[PDB]
Structures are given as structure tokens and as C-alpha cells.
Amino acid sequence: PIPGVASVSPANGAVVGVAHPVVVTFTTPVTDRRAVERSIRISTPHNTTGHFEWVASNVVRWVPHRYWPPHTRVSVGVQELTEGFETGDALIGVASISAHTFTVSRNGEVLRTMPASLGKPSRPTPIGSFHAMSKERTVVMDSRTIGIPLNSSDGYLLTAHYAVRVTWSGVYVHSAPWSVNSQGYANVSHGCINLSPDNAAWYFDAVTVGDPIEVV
């Protein structure tokens, strides 16, 4: 009994960043994962490799090893469905814990090396290879959504701006006017990549969902 496909991401004909995974959601939890993985056909002119990752019982994603090439076509087939999407520029954001910087390159060209404040030792920014997941102009940052009561000393509730989600567990690149004096100097946030309002705005306006975000 094979579970039916609910959806594929990205949408047909979208232009996404070069770290955008192919996400396939199913109508039911999947019992035979290998069968689902065999059913998923991904084609790209550069014959990119990658691996499957099961992120919910009914959701699998294919993460391209070393990024898609910029400006390429990617074809996806799974069951009765086919679709195609493209990549845009290679816009890479590298957040450096030690250097306290967020450096952004387009197609190899370094665009900006912005001051940043990453997570404090007790709420560190996860090292890893991530991608831009969403763009929100205004977002409420509620510590309750990361398992912290408002009253506890690590709690907080504040509206933030120019927010780009980095991880499913809630790291963001965003505007942090309150930590400008720390940016480039110290790591003072609850895990987020903190930028000045102007740098955050710039990046917000430059970024595409899928664009790689590296934390080193």
C-alpha cells in the first residue's frame, strides 16, 4: 500500500536559492521509506548528488550535496507528478562565531562583510550548513516557541524585523538594534544571527528562499 503524494517543494517554476532541498510531503506516514526514495526522481544538468532526510513521518527531503549550480533547471518526478524549477544566483551567507561576522557573496564575489552577534555560549548558534527558509518583514520572537517561559531570566518577547529563518528549530538572521554595540565584537544573542537594522534590511532585500546560510 503506497501513500499518495500531497505536495512537492519548491513549487513548479519557482526560482530558488542554491541550497533549496526538494521536499516531498505524503498523505499518510510512510512505512516503506526506501520505496518512497526510489519513487523520487531528481534530474539536474550537472548530475548533482545528495541524500534523503526524513523530517516528519510523511515528509522526506533531498538535500543536494555541495549546492545546486546557480541558474540551473531541476526536474522532479514522483508517482503521477512531474514538475520543474530553477536556481537563481549563488548567494552565500557565512556567519562566523569566532569572527563575529556575516559575510555575503554573490557567485563568488564578496558583497558585504557585516558585523554580527551570534549566540551566547549558553545559547549558541548551531554550526552547520543551512538555507534561508522564509522571509518575514516583521516577526514576534517569543521564547515560549523555544521552550523557555517568559518569566525565566532567559525568556523574552519582542517584535523583530527583517527576519530570515535559518533552521526549523528557530534560528534567524534578523535586525537587532539592541545589540549593535556587541555586533562584530561579542556573541550576545539567544542563538540568532544579529545584524544592524541596515545590514539586516540589505540582506533581507537580497535573499531568496533556498540561499545557503553557513555557520562556521
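The numbering used is simple: start at 1 and walk along the sequence shown.
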Can you tell me whether 161 to 169 has a higher mean C-alpha B factor than 184 to 192 in this record, or the other way round? 184 to 192
Where do the C-alpha atoms have the higher mean temperature factor in this entry, in 69 to 77 or in 116 to 124? 116 to 124
Among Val8, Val216, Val209, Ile213, the highest C-alpha B-factor in the PDB entry belongs to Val216
The residue of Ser43, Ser39, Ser179, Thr28 with the maximal C-alpha B-factor according to the PDB record is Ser179
Split the chain's modelled residues into thirds by Cα B-factor; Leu150 lands in the highest
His131 CA temperature factor, ranked by third within the chain: lowest
Third of the chain's Cα B-factor distribution that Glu109 belongs to, per the entry: highest
Would you mind checking where the Cα B-factor of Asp89 ranks among the modelled residues of its chain, as the lowest, middle or highest third? middle
Please say which third, lowest, middle or highest, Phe52 falls into when its CA temperature factor is compared across its chain. middle
